[PDB]
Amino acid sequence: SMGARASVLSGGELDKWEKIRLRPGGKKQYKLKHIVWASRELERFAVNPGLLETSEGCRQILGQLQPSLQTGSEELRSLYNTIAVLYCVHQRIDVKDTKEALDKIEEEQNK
């Protein structure tokens, strides 16, 4: 029975999560399965998955993951992209797709 489908995002967080599209202009949208995947991934990399539960938990993860980005595989970048959106959701920063999330994260990063 239940797992990380309940501890990472709140109900309202969740309903905004399942409206965000994976690729800009695309058809497919984040589901619970991506959150489960990301949490199990974090522990397979020895990172604390509880950090997914808060906006700075993810801020910390993304800081630790980013230097691996250039050389990272498709798996790494998906994990990072998912955690970027989770950050957007925890911050209540409205996003339409993954791309807009990385954008807003860099804009917040420039100031």
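Don't overthink the numbering: it's just position in the shown sequence, from 1.
- Of the two stretches examined, 32-40 and 58-66, the record assigns the greater average C-alpha temperature factor to 58-66.
- Per-stretch averaging of Cα B factors for 2-10 and 102-110 places 102-110 on top.
- Placement of the Cα temperature factor of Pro49 within the chain: lowest third of the modelled residues, per the deposited record.
- Among the modelled residues of the chain, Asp15 sits in the middle third by CA temperature factor in this PDB entry.
- The PDB entry assigns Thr71 a C-alpha temperature factor belonging to the highest third of its chain's modelled residues.
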